Amino acid sequence: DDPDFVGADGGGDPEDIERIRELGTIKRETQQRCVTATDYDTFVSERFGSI
Amino acid sequence: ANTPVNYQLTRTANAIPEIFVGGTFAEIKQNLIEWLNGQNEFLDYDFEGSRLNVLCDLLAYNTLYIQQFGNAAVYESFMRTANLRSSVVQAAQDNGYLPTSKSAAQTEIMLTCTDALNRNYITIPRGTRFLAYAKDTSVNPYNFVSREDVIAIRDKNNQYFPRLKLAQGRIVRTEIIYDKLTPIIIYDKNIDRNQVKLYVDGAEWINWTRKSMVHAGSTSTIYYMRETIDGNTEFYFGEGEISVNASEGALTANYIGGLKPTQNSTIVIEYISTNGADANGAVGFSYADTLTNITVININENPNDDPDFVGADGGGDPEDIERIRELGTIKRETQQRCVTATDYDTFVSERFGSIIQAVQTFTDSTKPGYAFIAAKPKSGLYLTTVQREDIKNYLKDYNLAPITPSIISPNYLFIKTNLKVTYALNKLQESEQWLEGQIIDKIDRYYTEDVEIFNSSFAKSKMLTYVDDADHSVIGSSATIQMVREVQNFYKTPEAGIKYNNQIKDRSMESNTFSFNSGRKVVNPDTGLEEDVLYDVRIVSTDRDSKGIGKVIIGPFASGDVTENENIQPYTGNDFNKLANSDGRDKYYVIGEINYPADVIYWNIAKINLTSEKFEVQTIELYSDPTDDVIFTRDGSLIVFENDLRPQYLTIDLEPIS
Amino acid sequence: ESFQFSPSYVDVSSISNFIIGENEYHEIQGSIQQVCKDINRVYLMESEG
């Protein structure tokens, strides 16, 4: 471990019927593909922005 | 021939589950009257006995009363079956595409103004308003306001022009304290969501949605629109995990949705309501708001001239259900970022949808890396170069990186027509002249009704129907078309030449007369030196030749104008048509050639060795008469109606009859 | 990759479960000559070198 801990993680309503609207309002916008330019680096720097 | 079939296609053009279809009451009863019949409880009761009949008759009345509720909702329930428009937007809005409110008349100005203070830099603060009379009417100017701040270097000689672009209306800004439970309405009509910008306390947030939307701003800044069914716009923003989710870039994580508010983040928004779609073509401007120490010495219309342009832009209805209805499906189909050619069609259709009646997205296989676009300014045929640049860059936001947007107005077939239309004087008390003002509307009506839509085959007569339909006191109507193209280089044909897509009569291929500078000298008493002589010529087709070909005959030439070459001779053929000149100059050369079946038309003035510059004008209009009734279009070549900018292409003779 | 280490473990082997690392293989080498008169006669030995 690291010296940061709680016994367990996970849970959730899950839904929060309002809160999910956004999420639905969002993912309809999402792409698994990468296109343009700044789509990439985002998705890219999601990997090893540590580097 | 035609279409053979195996049980093919599906369910007409579009779904009608059709259990829903409203039927005729009697049939409804006729159906239902059977229903009660055969009912086990009674096989005895005769329904055509009028007693039960009217009783059952009533059940259907409610049953029909109730059905159109149940049925219409379905039309409503399903986009593209939705009959209500404010419906249509909802699913469209839901699909990630909204239609917008009338979109402010927009333009740019450069204005040379001396600062009285002679400071190095003045800004024009966002919100200075200018006035523009609508075209030909000075009774009122249309106010329009500085879109944004702009500053200008003081030139030496102390006078310097800033330039800035202008959308029409008044800046209208309203602060609101945000609160948890409440709608945030703007009841303002004439609002347009594209000119809506706002401030939370301090910084601006953008509805992601067609403002920027790719920047480091992390999406925490954001909000939405929506259309109240009332017709006024309400504000919205995402609440709680306003960014994608959870920890994301922050090491502290926890939760931020923003806008608690308590009183936090008092929301101040700033917008322009507009009179637009009425303001298009507003040329004369005023400098309608003073500033400290700045004095406009001149405001000069239209930098970087098209040269053919009109005042402002934009406006919009806003609404059309037809263009909107299917359309958002493509945006429902496509992601935000525009990828497919028609995705570039529909995407462009979003912003400047009120600028563009029709936009043609295509590749030109020659140049990769370029998105080739053919659009309709819908006020005119030519988007002013700034618009082109404008939407481009904005479009360019959504695009593949190596790809570049490239917008060109395609060539345009012009229908040049004299109209002969008869009416009975007595039959109309109404002012004769205004009748012409009537028909001249109903002419484009057909176009807008038809021609720009598909850019398919064009029916002259069918056009003449609606203009026939105008006054009904019009006794008769006649017209004659001259198919007209415009040419960019008189000097050299475009490589491929030019094709009509449409069969023309031989020898009926004409062009415009235009002067030609001839090196030979002219002098007249009191005139003095007088440069040299210049006379005019025009492009002439010879007759049809066997194999449907013709050679392009140049306009008449005086002797010694063209150095005679052993190769090039005066064509001096019998057939070729000739203008009548005072010169009587009979020298005619073949500058090129055509064939009528292919409709393809080529020449080069390099052939005659005559210098390009000894011609005054770079572009010439093209005359031809298609032998065929109806005009066929293929690609980028579209007949269209612009009378105002080009009236000489549209003429109408009016025949008064008793 | 995968497994976190952290102040964790005494065990050598649980880590050996995968150190990453690399494993065994065989390879065939060369032809043979008889010391005398038949190869079936001769026999082989290879110390590691």
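Residues numbered from 1 in each chain as written, not as in the entry; some residues may be left out. Chains lettered and ligands numbered in written order. Part of a larger assembly, values for the part shown. Heavy atoms only, no water.

Going by the header, the method for this PDB entry is cryo-EM, and the resolution given is 6.77 Å.

A tally of helices and strands in chain C yields 1 helix and 0 strands. In terms of principal-axis extent, the alpha carbons of chain C reach across some 65 × 20 × 15 Å. In chain C, which comprises 49 residues, the share counted as buried stands at 4%. Accessible surface, chain C as shown: approximately 5300 Å² in total, 56% of it carbon and sulfur. (Helix = DSSP H or I, 4+ residues; strand = E, 2+ residues; numbered from the N terminus. Buried < 20%, exposed > 50% of the residue type's maximum accessible area, 1.4 Å probe, protein only. Areas by Shrake-Rupley, 256 points an atom, 1.4 Å probe, with all protein chains shown as cover.)

Secondary structure summary: chain A contains 2 helices and 0 strands in total. Taken against the 2.2 N^0.38 rule, which gives 10 Å for 51 residues, the C-alpha radius of gyration of chain A at 16 Å runs more than 25% over that of a compact globule. Dimensions of chain A along its principal axes, counting C-alpha atoms only, are 40 × 35 × 10 Å. Looking at chain A residue by residue over its 51 residues, the buried ones come to 14%. Put simply, chain A shows about 4400 Å² of open surface, and 56% of that area lies on carbon and sulfur atoms. (Rg over C-alpha atoms; globule rule 2.2 N^0.38 Å.)

Another aspect to go through is the interface of chain B and chain A. When the parts of a complex come together, some accessible area is lost, and that lost area is often used as the size of the interface. Contacts between the two partners involve 20 residues from chain B, matched on the other side by 14 residues from chain A. In total, chain B and chain A occlude about 1400 Å² of area from one another, counting both sides; carbon and sulfur atoms represent 50% of this. The largest share of the area that chain B buries against chain A comes from B:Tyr224, B:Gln335 and B:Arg337, three residues that together contribute 39% of it. Counting across the interface, chain B meets chain A through 1 salt bridge. (Contact = heavy atoms within 4.5 Å. Buried area = accessible area lost by both parts, 1.4 Å probe. Salt bridge = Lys/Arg side-chain N within 4 Å of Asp/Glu carboxyl O.)

The subject of this paragraph is the arrangement of the chains. Once contacts are tallied for each of the 2 pairs of chains in contact, the highest total is for chains A and B. Across all C-alpha pairs, the smallest distance from chain B to chain C is 20 Å, and the two are not in contact.

Below, the discussion takes up the packing of aromatic side chains. Residue and element names in this part refer to chain B. Under the defined criterion, the tally for this structure stands at 32 aromatic pairs over all chains. Taking 5.0 Å as the distance between ring centres and 50 degrees as the angle between the ring planes, the aromatic pair formed by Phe347 and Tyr398 counts as tilted. Of the two residues, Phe347 is situated in helix α6 (residues 341-350) and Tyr398 in the loop between α7 (385-397) and β16 (404-407); the sequence distance between them amounts to 51 residues. Across the pair, exposure class does not vary: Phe347 and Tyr398 are buried alike. Their ring planes at 55 degrees and their centres at 4.5 Å tell us that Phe516 and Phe615 sit as a pair that is tilted. Remark: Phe615 occurs in the loop between β26 (600-603) and β27 (620-626) and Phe516 occurs in strand β21 (residues 514-518); sequence separation between them is 99 residues. (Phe/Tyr/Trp six-rings, centres within 6.5 Å; stacked < 30°, edge-to-face > 60°.)

As a further point, take unusual backbone geometry. Backbone geometry follows two general trends: most residues other than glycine have a negative phi, and most peptide bonds adopt the trans configuration. Residue and element names in this part refer to chain A. That bond from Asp13 to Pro14 is cis: its omega, -5 degrees, falls within 30 degrees of zero. Mapped onto the fold, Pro14 is located in the segment before α1 (19-27). A positive phi is found at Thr36, a non-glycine position, where the angle reads about 65 degrees. What makes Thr36 buried here is its relative accessible area of 11%.

By definition, the strands of a sheet pair up through backbone hydrogen bonds, in either a parallel or an antiparallel sense. Residue and element names in this part refer to chain B. Strands sit in the order β7-β12-β9 across an open sheet of 3 strands; the sheet is antiparallel. Each having just a single partner strand, β7 (170-176) and β9 (197-199) make up the two edges of the open sheet. Within this sheet the neighbouring strands show an average axis-to-axis angle of 20 degrees, counted without direction. Pairing of β7 with strand β12 (residues 267-273), which is carried by 7 bridges, proceeds in the antiparallel orientation. Looking at the pairing, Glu175 lines up with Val268 of β12. (Pairing = 2+ DSSP bridges. Axes fitted to C-alpha atoms, helices over the stretch in contact; angles between N-to-C directions.)

Bringing the environment of B:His472 into the picture now. In this structure, B:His472 sits in the loop between α10 (460-469) and β18 (474-487). Expressed as a C-alpha distance, the spacing of B:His472 and B:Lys427, which sit 45 residues apart in the sequence, is 9.2 Å.

With that settled, the discussion passes to the pattern of salt bridges. Residues and elements named next belong to chain B. Overall, the coordinates contain 19 salt bridges over all chains when judged by the stated rule. Between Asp115 and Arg119 there is a salt bridge, with its nearest N and O atoms 2.7 Å apart. The shortest N-O distance in the salt bridge between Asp469 and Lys442 comes to 3.8 Å. Residue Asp469 is found in helix α10, and its partner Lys442 is found in helix α8 (residues 432-449); the two are separated by 27 residues along the sequence.

Another point: the nonpolar core. Grouped together as the largest cluster of nonpolar side chains are 55 residues, with contacts concentrated most on B:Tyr447, B:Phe458, B:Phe557, B:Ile608 and B:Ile639. With residues up to four places along the chain from it excluded, the contact list for B:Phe557 reads B:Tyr535, B:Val537, B:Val562, B:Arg585, B:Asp586, B:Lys587, B:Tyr589 and B:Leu610. (Core = buried A, V, L, I, M, F, W, Y, C linked by side-chain atoms within 4.5 Å.)

Structurally, the α-helix is built with 3.6 residues per turn, so residues lying three or four positions apart point the same way. All names here are of chain B. For α10, the complete set of buried residues consists of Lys460, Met463, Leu464 and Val467. The buried residues of α10 occupy an angular sector of 95 degrees when projected down its axis, which confines them to one face. Residues of α10 that are buried make contact with α8 and β18. (Arc of directions from axis to C-beta.)

Before going further, it helps to examine the packing of α8(B) against α10(B). All names here are of chain B. Contact geometry of α8 with α10 gives a least axis separation of 8 Å together with a crossing angle of 145 degrees. Read as a crossing pair, α8 and α10 show a hand that is right-handed. Contact residues: α8 offers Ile439, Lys442, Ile443, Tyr446 and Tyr447, while α10 offers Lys462, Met463, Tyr466, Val467 and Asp469. Tallied by class, residues from the contact of α8 with α10 come to 7 nonpolar, no polar and 3 charged. (Left-handed = near helix turned anticlockwise from the far one by under 90°. Nonpolar A, V, L, I, M, F, W, Y, C, P; charged D, E, K, R; others polar.)

Here the focus is the side chain of B:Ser265. Residue and element names in this part refer to chain B. Mapped onto the elements of the fold, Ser265 is located in the loop between β11 (233-236) and β12. We classify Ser265 as buried; its relative accessible area is 5%. Ignoring sequence-local partners within four residues, the contact set of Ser265 consists of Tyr178, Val200, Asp201 and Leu259.

Take the pairing of strand β14 (residues 359-362) of chain B next. All names here are of chain B. Of the two faces of β14, the one holding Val359 and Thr361 is buried and the one holding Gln360 and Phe362 is not buried anywhere. Two elements, β14 and strand β15 (residues 370-375), share 4 bridges in a ladder whose sense is antiparallel. When the bridges of β15 are listed, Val359 appears paired with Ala375.

Residue and element names in this part refer to chain B. As summarised here, the arrangement of the 5 strands in space is β3-β4-β6-β1-β13, forming an open sheet in which the pairing is antiparallel. Across the chains shown, the open sheet's two edge strands, defined by having one partner strand only, are β3 (129-134) and β13 (294-301). Each neighbouring strand pair of the sheet contributes to a mean axis angle of 45 degrees, computed without reference to strand direction. Sheet topology places strand β1 (residues 106-115) next to strand β6 (residues 163-167); 5 bridges connect them, and they run antiparallel. For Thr107, the partnering residue across the bridge sits in β6 and is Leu166.

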